[PDB]
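Asker: Just to be clear, this is only the beginning of the complex, oriented as in the whole thing:
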Amino acid sequence: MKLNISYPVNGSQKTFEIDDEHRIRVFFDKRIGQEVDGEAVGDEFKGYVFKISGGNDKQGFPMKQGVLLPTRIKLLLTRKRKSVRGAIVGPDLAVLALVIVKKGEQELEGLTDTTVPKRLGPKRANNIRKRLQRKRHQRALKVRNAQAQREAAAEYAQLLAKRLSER
Amino acid sequence: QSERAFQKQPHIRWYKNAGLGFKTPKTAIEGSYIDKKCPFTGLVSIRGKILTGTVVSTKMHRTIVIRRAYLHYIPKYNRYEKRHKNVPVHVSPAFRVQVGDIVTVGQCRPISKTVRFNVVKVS
Amino acid sequence: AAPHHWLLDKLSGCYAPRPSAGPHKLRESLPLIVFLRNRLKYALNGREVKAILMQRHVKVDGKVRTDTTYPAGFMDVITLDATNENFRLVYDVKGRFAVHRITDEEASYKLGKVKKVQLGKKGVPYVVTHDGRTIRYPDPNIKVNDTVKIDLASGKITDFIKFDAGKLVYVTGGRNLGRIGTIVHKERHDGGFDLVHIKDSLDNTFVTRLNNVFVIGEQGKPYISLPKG
Amino acid sequence: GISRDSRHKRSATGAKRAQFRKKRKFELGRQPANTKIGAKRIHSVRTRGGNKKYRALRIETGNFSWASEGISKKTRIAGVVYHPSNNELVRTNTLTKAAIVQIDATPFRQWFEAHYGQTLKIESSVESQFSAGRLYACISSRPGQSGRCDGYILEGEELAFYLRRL
Amino acid sequence: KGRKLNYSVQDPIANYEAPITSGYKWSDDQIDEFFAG
């Protein structure tokens, strides 16, 4: 199997082609979200814990989180009949995705000891932290719209009053 | 004058006038008859055209079957074959129309599958 | 593919210009392309009548309204800025759109038949016409088929012509479409063939409908000027 | 529903050989949503542009109107005992227009005691329900079209007008 | 009583299902000695 592993806070991710499936058999019949130990997948990474986060099997088909039935099934997604592998991992995964949420006993020259930075700082004002002439013009046009319309309406209602007095 | 459920009443005793040269009798202004689809109190409003003729049958209630013979200038066999027409019409509280009885009707708001006319006059 | 009213020569094309939506109906109007291009011939084709519409010479009913298929119906005063062109277009005696030339004090107004008077919402009397000028507050004695006179600078009714026996009426509709003379007879029926009847040179008689006729003035004094021959 | 057209049926002359047409969009008969009592759920269906139509199925908060003063106040629903536009409709206890349904009249008690002082001029066979709690009231509004349950109370003449029936 | 109880024969349901020979696993004598009383 191949194991994709991601250390999210440092920003690191790498795949590891692990053969010798009795190392793999710790993950078997454990669906998405349930944690795992490093102790029964490896010896050189002990004290390790990985939250699984899906994985494409051979024939490339993804698993969506938490349905049932670790074979493939035909569901309705974003609505048409798409084929989707079950959330439970068994013997026939090509890659399996993992998030390491605690470093254990050995440094990794791919994951721990090497890291990438972020993209770019914020752009919004409140995101950087954590117009008034338009406020003049809006209020002035609003009070002028009132002093035009609400006076002109009564100014022809008084002409109706003149027609009613003359009639 | 109440043989059915569900508050047989006018729908807002009540009285109105369609105008346009057709009288409303005094029991149809102030009387105990409901006038659900008789256009003088009614719920319907008047429009369209007004047709006149005698009757054939008034067997069922709220069905006035008018006859209407009219002249048409036939050019084909150069003689007038005589016309005949039929139209069902709802009642009014002004005349129990029997056989004969040339009456007229005004077009309004299809009531059953085939009636758009309701009696407004008897003479 | 054309109507009869446009005075459209047959050797013109294949597709006829449908007018767009607007004040008047499709069946009682001519657009600006059939007005300017092939009737009084200020253009030669659709490209240059769109060019002068983008230049905005037209001032129909005192507003510009730059559009090719704008449905100018009855007596919308087409105003053109260059050479002070003021055109009131009415019906002739054989169904077409006779476009009379008028002057500025006559194109400062128009008239319109009232269609209905309503107590619509909030106690406001109400009046509509064939271009749909919903203008506020006429007198209570506006019946149907009377004639308001629009201001054409603001929208207000300035003068009013009452529909009664002995008024000068214009007939636009049916087999009497475009006749003037308004007096042999009056006959209001109760739903059809109801009208005031119109004379001829030998004072002949004619039948039409109420909605297919509308008043333009008095017996000898219409304040509209009319073309002659 | 199915249809709204005379083409599937016979006229006043007795014609035949129909075989007419594939039915259009504008013969649209939707399903009859028999509105019941439940928790308030209104389906917001579309028609004719943005003409949203409120199709109520499980409405409760009926605004029923005190007749002699015209006081439309809020109450619950119990059940319809008589409605012979379908005599099985009262067997199944739905809620349609012009039905006579029962109401616990406790806010009408509150309004009477609030704008008259004392508790109990009004008719005796509705004073019995003033005492007990359940009064008869007939639905005016259309939950299948406007989605609401409004109605008017039974007061005297209309009361006996229905009580002699059932 | 027009559409009410048309005692006619209808086309698609005339062979919609098919019967069974033995049917009840009991006997009819077991019916008689089941609810004699």
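Answerer: Done, it's in. Residues are numbered from 1 along each chain as shown, chains lettered A, B, ... in the order given.

Asker: May I have the beta-bridge partners of residue C:179?
Answerer: With DSSP bridges as the criterion, residue C:179 is bridged to residue C:171.

Asker: remind me, longest helix of the chain?
Answerer: Chain wasn't specified; assuming chain A. helix A:132-166 (DSSP state H).

Asker: Wait, chain C was what I had in mind.
Answerer: Of all segments of type helix in chain C, defined using DSSP H, the longest is helix C:46-55.

Asker: and that helix, how far out from the chain's middle?
Answerer: Centroid displacement of helix C:46-55 relative to its chain, using C-alpha atoms, centre = their mean, to the nearest Å, is 25 Å.

Asker: Could you give me the buried positions within that helix?
Answerer: Residues of helix C:46-55 classed as buried: C:49, C:50, C:52, C:53 (neighbour count, 16 or more other C-beta atoms under 10 Å in any protein chain shown). Quick note: C-beta positions are derived from backbone N, CA and C, even for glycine.

Asker: Not counting sequence-adjacent ones, nearest residue to the last one?
Answerer: The shortest distance from residue C:53 to any residue that is not its chain neighbour, by C-beta to C-beta, 6 or more residues apart in numbering or on different chains, is 4.7 Å, and that residue is residue C:66.

Asker: quick one: that neighbour and residue C:54 touch, right?
Answerer: Yes - look at residue C:66 against residue C:54 with C-beta atoms under 8 Å: they come within range, at 6.6 Å.

Asker: So what's the residue count around residue E:25?
Answerer: Neighbours of residue E:25 under the rule other C-beta atoms under 10 Å in any protein chain shown: 6.

Asker: One more: residue E:16?
Answerer: The number of residues packed near residue E:16 is 7, by other C-beta under 10 Å.

Asker: Could you check how far it is from chain B?
Answerer: 37 Å (C-beta to the nearest C-beta, to the nearest Å).

Asker: ok, now residue E:13?
Answerer: Counting by C-beta to the nearest C-beta, the gap from residue E:13 to chain B is 33 Å.

Asker: so the residue lying closest to residue C:46 once chain neighbours are set aside is in which element?
Answerer: The spatially closest residue to residue C:46, leaving aside those adjacent along the chain, is residue C:33, at 6.2 Å (C-beta to C-beta, 6+ apart). Taking DSSP states H and E as the definition, one finds residue C:33 inside helix C:32-36.

Asker: Please list the outside residues in contact with that helix.
Answerer: For helix C:32-36, the surrounding residues in contact (C-beta atoms under 8 Å, 6 or more residues apart in numbering or on different chains) are C:6, C:8, C:17, C:42-43, C:46, C:49, C:52-53, C:58, C:60, C:67-70, C:72, C:78, C:99.

Asker: Also put chain F in, sequence below:
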Amino acid sequence: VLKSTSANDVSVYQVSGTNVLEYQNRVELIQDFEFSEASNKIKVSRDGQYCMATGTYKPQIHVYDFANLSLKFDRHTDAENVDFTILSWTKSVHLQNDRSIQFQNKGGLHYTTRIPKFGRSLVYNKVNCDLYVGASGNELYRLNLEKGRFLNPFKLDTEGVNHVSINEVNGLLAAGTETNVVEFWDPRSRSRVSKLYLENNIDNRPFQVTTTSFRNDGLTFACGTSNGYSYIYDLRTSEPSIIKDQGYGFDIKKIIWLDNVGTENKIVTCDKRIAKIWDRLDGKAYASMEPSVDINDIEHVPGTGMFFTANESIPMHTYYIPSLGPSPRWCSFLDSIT
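Answerer: Same chains as before, plus chain F:
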């Protein structure tokens, strides 16, 4: 691990409840299990898959494939339904709230016929193939699927019948009327055999029997009421019974056995809000299945310990009991998650 409600020293679980980190540890079993704000009636077919759930507004048919964990289709039927059965696989017969009857096929809507009066219940006969339909009045009708005729309708008492069922191993036609009489007809003779009367000790008002059931021994009969009172019956001293008042007691609608799985002599009762389960020969509650909304009816999947309700909310609840039995082969990791 899904949470469990408190009970009498026993555990139950719900999947697709009104409440059912949770988004990323979702425990959804059947995708698109939600209707248009209510539910009419759900039942599971005789074979190991293909459950059918009737609709609420623009009512549908909603066949779910159990070996695909999702929806197959939704045939929007013409009227709102009350009762139906399934006739194996693809055929099924329905009757709506109006007096009309639909025959769904693989293509769907094979016929629409009618009955002269408004109907309330339908059952099918496996032997000689006549569906019996109970309606309002003197009238309990037949539609035989052999030759499509009509049969000589069974003459009832005054008001009618709320439920009809035939016995399976021997065919004893039940008909739960309004005047407490159960009106057993014989599917052989087309005549009555008995008119058993139902009694109590409280006698609030003249209750009407609404639920009838049998099982596959052919000797007992489960009876209901319009009051929340289960009843058992045998031929052995058929005048008394054993009774079960329920703590809320409006109208019991679904009483079904456990006659094909282990932990025997147990029966499920179900009224409008609660569904409980108790044991025979004592009348003591094994468990109960209290949801957060009312119940339109229920059903129990055969061979295993799971239940499917039709309720008045947007989804339907499924109830798993890990002491009545296991979870089935298509749900065979429910025992691994909880």
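
Asker: With chain F now part of the structure, what is the answer for the neighbour count of residue E:16?
Answerer: Applying other C-beta under 10 Å, we find 22 residues neighbouring residue E:16.

Asker: Repeat that for residue F:324.
Answerer: Count around residue F:324 with other C-beta under 10 Å applied: 21.

Asker: In space, what's closest to it - neighbours in sequence excluded?
Answerer: Nearest to residue F:324 is residue F:305, by C-beta to C-beta, 6+ apart, at 3.6 Å.

Asker: mind listing what the closest residue to chain E within chain B touches?
Answerer: Closest approach between chain B and chain E, counting by C-beta to the nearest C-beta: residue B:113, at 16.8 Å. Taking C-beta under 8 Å, 6+ apart, we find residue B:113 in contact with D:6, D:11, D:12.

Asker: now, which of those sits nearest residue A:61?
Answerer: Within the contacts of residue B:113, proximity to residue A:61 (C-beta to C-beta) peaks at residue D:6, which comes in at 54.8 Å.

Asker: how near is that closest one to chain F?
Answerer: According to C-beta to the nearest C-beta, residue D:6 stands 20 Å off from chain F.

Asker: what about the nearest residue to that residue once chain neighbours are set aside, distance to residue F:151?
Answerer: In space, and not counting its chain neighbours, residue D:6 is closest to residue B:113: 6.9 Å by C-beta to C-beta, 6+ apart. Distance, residue B:113 to residue F:151, using C-beta to C-beta, to the nearest Å: 37 Å.

Asker: all helices of chain A, in order?
Answerer: According to DSSP H, the helices that chain A contains are A:125-129, A:132-166.

Asker: Give me the contacts around the shortest one.
Answerer: The reference is to helix A:125-129. For helix A:125-129, contacts defined as C-beta under 8 Å, 6+ apart pick out A:121, A:122.

Asker: from the chain's centre, how far out does that helix sit?
Answerer: Centroid displacement of helix A:125-129 relative to its chain, using C-alpha atoms, centre = their mean, is 22 Å.

Asker: same thing with the longest one?
Answerer: Centre-to-centre, helix A:132-166 and its host chain are 52 Å apart (C-alpha atoms, centre = their mean).

Asker: So which bits of that helix are buried?
Answerer: Going by neighbour count (16+ other C-beta under 10 Å), the buried part of helix A:132-166 is residue A:160.

Asker: and if you look at stretch B:38-48?
Answerer: Using 16+ other C-beta under 10 Å as the test for burial, stretch B:38-48 gives B:38, B:39, B:40, B:41, B:42, B:44, B:46.

Asker: do stretch F:242-261 as well
Answerer: Neighbour-count burial for stretch F:242-261 [16+ other C-beta under 10 Å]: F:243-244, F:246, F:249, F:251-259, F:261.

Asker: RNA strand G should join the structure above:
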RNA sequence: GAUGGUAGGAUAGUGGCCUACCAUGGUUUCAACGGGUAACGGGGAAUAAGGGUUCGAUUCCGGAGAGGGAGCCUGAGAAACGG
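Answerer: Time to bring in RNA strand G:
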């Protein structure tokens, strides 16, 4: 549902358009209802031509169909040539 009445449902609303109840109606010799084609032809459906007298300009034959019936969705407008 034939003909109408009362009420509800659905409607964009009128409407037996659909359902409960009720009445036994309605069209017709003053042509009901039914019979077919030079109904690949006809009805102005329209232009007419300065001599062709039923050739001589056109809209429409009827409704459907996007492999086959069924169900659903979108939109000012649809039971969509494009789901």
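
Asker: and the neighbour count of residue E:16, now that RNA strand G is in?
Answerer: The number of residues near residue E:16, taken as other C-beta under 10 Å, comes to 22.

Asker: For burial, what's the neighbour tally of the residue lying closest to it once chain neighbours are set aside?
Answerer: Closest residue to residue E:16 apart from its sequence neighbours, by C-beta to C-beta, 6+ apart: residue F:145 at 4.4 Å. Using other C-beta under 10 Å, residue F:145 is surrounded by 23 other residues.

Asker: OK, contacts around residue F:145?
Answerer: Contacts of residue F:145 by C-beta under 8 Å, 6+ apart are E:13, E:16, E:17, F:129, F:130, F:131.

Asker: Could you export those as JSON lines, including secondary structure?
Answerer: Shown next, in JSON lines, are the contacts of residue F:145 (DSSP: H, G, I helix; E, B strand; the rest coil):
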{"residue": "E:13", "secondary structure": "coil"}
{"residue": "E:16", "secondary structure": "coil"}
{"residue": "E:17", "secondary structure": "coil"}
{"residue": "F:129", "secondary structure": "coil"}
{"residue": "F:130", "secondary structure": "strand"}
{"residue": "F:131", "secondary structure": "strand"}
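
Asker: ok, the residues you listed vs residue F:316, which is closest?
Answerer: Of the contacts of residue F:145, the one sitting nearest to residue F:316 (C-beta to C-beta) turns out to be residue F:131, at 26.1 Å.

Asker: Spit out the contact partners of residue C:135.
Answerer: Neighbours of residue C:135 in contact, by C-beta under 8 Å, 6+ apart: C:127, C:148, C:150, C:155, C:156, C:157.

Asker: From the residues you listed, which land in strands?
Answerer: Members of these lying in strands (criterion: DSSP state E): C:127, C:148, C:150, C:157.

Asker: Kindly indicate which of those residues lies nearest residue B:67.
Answerer: Checking those against residue B:67 by C-beta to C-beta gives residue C:127 as the nearest, at 43.9 Å.

Asker: For the ones in strands among the contacts of residue C:135, work out which two are farthest apart.
Answerer: Maximum pairwise distance in the ones in strands among the contacts of residue C:135, criterion C-beta to C-beta, is 10.5 Å, between C:127 and C:150.

Asker: Can you pull the residues that touch both of the two?
Answerer: Contacts common to residue C:127 and residue C:150, judged by C-beta under 8 Å, 6+ apart, are C:135, C:157.

Asker: okay, how far is it across stretch F:181-191, tip to tip?
Answerer: Using C-alpha to C-alpha, to the nearest Å, the end-to-end distance of stretch F:181-191 comes out at 16 Å.

Asker: same for the longest helix of chain C, what does it pack against?
Answerer: Applying 3 or more C-beta pairs under 8 Å, 6 or more residues apart in numbering or on different chains; DSSP states H and E, we find helix C:46-55 packed against helix C:32-36.
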